[PDB]
Amino acid sequence: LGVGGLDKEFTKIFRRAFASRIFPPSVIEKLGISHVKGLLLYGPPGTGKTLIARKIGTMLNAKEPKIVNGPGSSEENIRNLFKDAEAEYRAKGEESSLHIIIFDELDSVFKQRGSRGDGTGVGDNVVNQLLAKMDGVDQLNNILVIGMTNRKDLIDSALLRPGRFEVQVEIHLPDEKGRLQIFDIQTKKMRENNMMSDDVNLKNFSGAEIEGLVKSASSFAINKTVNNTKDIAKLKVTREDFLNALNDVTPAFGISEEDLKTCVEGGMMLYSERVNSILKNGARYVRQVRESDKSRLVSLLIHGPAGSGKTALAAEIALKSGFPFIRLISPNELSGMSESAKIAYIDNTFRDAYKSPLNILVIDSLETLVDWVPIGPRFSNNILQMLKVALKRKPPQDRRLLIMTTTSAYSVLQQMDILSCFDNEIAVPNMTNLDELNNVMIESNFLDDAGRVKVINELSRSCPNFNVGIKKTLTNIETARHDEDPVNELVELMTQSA
Amino acid sequence: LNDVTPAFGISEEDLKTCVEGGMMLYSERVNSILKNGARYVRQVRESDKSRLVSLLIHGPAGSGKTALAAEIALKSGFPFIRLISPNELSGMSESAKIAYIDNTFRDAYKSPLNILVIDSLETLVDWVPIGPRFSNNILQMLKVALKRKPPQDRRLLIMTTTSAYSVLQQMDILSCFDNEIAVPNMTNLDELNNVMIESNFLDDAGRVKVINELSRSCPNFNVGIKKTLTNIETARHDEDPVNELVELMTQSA
């Protein structure tokens, strides 16, 4: 006990890796089987793997586990590790006590080119000695080796065949019931020492985050009294302290709120029906993904001219969805990186997207991310291939995600023949009528109606056929306003723009 | 049995789950193609003259090709079946890719009967037409590999898929393949009616109306199955399903 939310895996592990040890050697001999000698654990960091290893070791009452970190002396160390198990085995035969050895960051051994690993021998030698110690003719029957890695795919298949690492297990991010149990475990002592109020009533957090939250709540409670004083005995934490604590702990695996909110919106205003149509289609394509089991990967292409509003729309659709996981890939993230670094970053983002039931990603200005210059033309083909492959793969184990991407260079993409990745295309047009200008002026409180009327009347025959984006109109109102004559300055600016 | 998985075998999950999310016989050509595939399979399995066979499946993108290849493979019953696709080679240097292909080919030569599927050949070589840019070493490796015969009275079958017939014709590697298969798109409203029926879209009264509207909105449409099965799915969730699927299908057409 001391672990929460992981009952099923505990049952499985106890059933297979340990249960044969509880029984006397006589009955196991009488059946004709042999104990398992390898177990592989994998999952994200800080989730409770070493915790399980240690707590299991207490039930069998084996010796305190040895622990080793992967990253001539190295050749000599491995033989030093097993000494005690050899001694105890010669000492007491099959009845010797159990010896448990923990190995961390196993993949680091393999994470090198084969040529260097074998020529230096550092990578290969440890592996060969270790396999020799549990499979070969010097087999020791008292040992069990636990391996731990965040990436299973890099371990060679030779290790996974029977006799070596036969059983493999995955660790997940906890669910709500797990967190409720953790809340109870963490608040037990507060609750049982009358230091927790009666109003406290116990999304993607881990255990450490709950510990930090409780500590922050305590910090609020402790701060309110200091500046050491009388009446310490009346201390109690309260719901408001927790709700204040929620504003100080921000989780990993979440929503990049600030970038979308501040950077991508400095206004949003419904000057025509087409915007409403687009927003409706987005809410339909959001709850489609959220309420259908056939659609677990959607891709869309919000296209239109430069300066039209695209990204602000995308973000606006994103914010209203409420999914737990949301992210965006834009040029700003990749500035100053080499090509390989960019590829690694993209791939890591994609890995991170594959560990939640729901996920959203936004990709902005694709033709800029590819370094397109039409004079050459010049562009990096590798990034294009990476993205083209990644834009079709579907998440594993009944998860689902939605991808929105934006571009202003439709013909170039068409000419690159990567238009088969998208399920739908949207067009964002500019402004071409004075009614739209009237709406914008009214919405921005430019000045009293009489002048707005005069401006419209003047433009009626000064320039009746204009064609301009929102950005320039909203930077022309601003400069005209802080001018002596805002109506002649705005008229002049606008006719110049037209 | 559901707890111990052997090395050497069939990569069941990849073929089954990835490559097939529907299969419905909406025309005679599909039946004919499947019959031809079965013919070839039991040809290889019941003759000593044919110990290496190679096939080419081609047609427009999104047509159904890969799902067909998988369907022919799963029904074969051979002990050894594998597929090479871009997903496996992603993130590798050219040398690693070539070595992986070579290891696969060696592993194919160690059982009486074997099947291999190669998907999207033009992407494995990294073709882009602006240059054009591509890798020639992988091309020559593949070209040589498609003619070598397995040793010691063993036999295998190869199926490859492509959408860039003109490019392969230009690159002069059509002599590796023994036969070519063509896959067309849907072109009649009867097939669409069948698909709606097959997917329980809605009661006949409304199902009829969309057909009656397409009758004089767009009688000569050309759309693949995948899009149609994602347009039924999105239109079903609309508030006005008939007008949504007809507008969306007209746009696609």
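Conventions adopted
- Residues numbered from 1 in each chain as written, not as in the entry; some residues may be left out.
- Chains lettered and ligands numbered in written order.
- Part of a larger assembly, values for the part shown.
- Heavy atoms only, no water.
- Contact = heavy atoms within 4.5 Å.
- Buried area = accessible area lost by both parts, 1.4 Å probe.
- Salt bridge = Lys/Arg side-chain N within 4 Å of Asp/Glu carboxyl O.
- Polar contact = N/O pair within 3.5 Å; in protein donor to acceptor, adjacent residues only side chain to side chain.
- Helix = DSSP H or I, 4+ residues; strand = E, 2+ residues; numbered from the N terminus.
- Nonpolar A, V, L, I, M, F, W, Y, C, P; charged D, E, K, R; others polar.
- Disulfide = S-S within 2.5 Å.
- Buried < 20%, exposed > 50% of the residue type's maximum accessible area, 1.4 Å probe, protein only.
- Axes fitted to C-alpha atoms, helices over the stretch in contact; angles between N-to-C directions.
- Left-handed = near helix turned anticlockwise from the far one by under 90°.
- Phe/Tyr/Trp six-rings, centres within 6.5 Å; stacked < 30°, edge-to-face > 60°.
- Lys NZ or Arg CZ within 6 Å of the ring centre and 35° of its normal.

Draft legend 1. Just the interface of chain B and chain A, in detail. Counting residues at the interface gives 18 residues for chain B, matched by 17 residues for chain A. Between chain B and chain A, roughly 1700 Å² of surface is buried when both sides are summed, and carbon and sulfur atoms account for 48% of that area. When the area that chain B buries against chain A is broken down by residue, the three leading residues are B:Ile130, B:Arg133 and B:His237, summing to 30%. Connecting chain B to chain A are 3 salt bridges. The salt bridge partner of A:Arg287 is B:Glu239, with a shortest N-O separation of 3.8 Å. Between the two partners, chain B and chain A, sit 6 residue pairs in polar contact. Broken down by secondary-structure element, the contributors of at least two residues to the side of chain B that touches chain A are α11 (225–236) and α12 (241–252) of chain B. Partitioning the side of chain B that touches chain A into residue classes produces 5 nonpolar, 6 polar and 7 charged.

Draft legend 2. Highlighting the state of the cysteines. On inspection of all chains with the given rule, the structure shows 0 disulfides over all chains. The thiol of B:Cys18 is unpaired, and the distance to the nearest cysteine sulfur, on A:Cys421, comes to 15 Å.

Draft legend 3. Region of interest: unusual backbone geometry. Each neighbour pair has its own omega, and for A:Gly376 with A:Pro377 the value is 0°, a cis peptide bond. Within the secondary structure, A:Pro377 is located in the loop between α17 (366–369) and α18 (381–390). Looking along the chain, the bond that leaves B:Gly131 and enters B:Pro132 is cis, with omega of 0°. For B:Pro132, the location among the structural elements is in the loop between α6 (121–124) and α7 (136–145). Although it is not a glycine, A:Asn194 adopts a positive phi angle of roughly 50°. Looking at A:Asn194, the relative accessible area reads 54%, which means it is exposed. In this model, B:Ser120 sits at a positive phi of 55°, which is unusual for a non-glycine residue.

Draft legend 4. Structural context of the packing of helix α21 (residues 449–462) of chain A against helix α23 (residues 486–497) of chain A. Residues and elements named next belong to chain A. Packing of α21 against α23 brings their axes to within 10 Å, and their N-to-C directions diverge by 30°. Two packed elements cross with a definite hand, and for α21 against α23 that hand is right-handed. Residue-level inspection shows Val-455, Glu-458, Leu-459 and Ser-462 of α21 in contact with α23, the latter providing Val-487, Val-491, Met-494 and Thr-495. By residue class, the composition of the contact of α21 with α23 is 5 nonpolar, 2 polar and 1 charged.

Draft legend 5. A look at the packing of aromatic side chains. The tally for this structure, following the rule as stated, stands at 3 aromatic pairs over all chains. For the ring pair A:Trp372 and A:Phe379, a centre distance of 6.1 Å and an interplane angle of 35° mean the geometry is tilted. In this structure A:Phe379 comes out as buried when scored by relative accessible area, which is 8%. Positioned over the ring face of B:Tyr40 is B:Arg39, at 5.1 Å from the centre of the ring. Above the face of the A:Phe379 ring, B:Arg133 is positioned so that its terminal group lies 4.4 Å from the ring centre.

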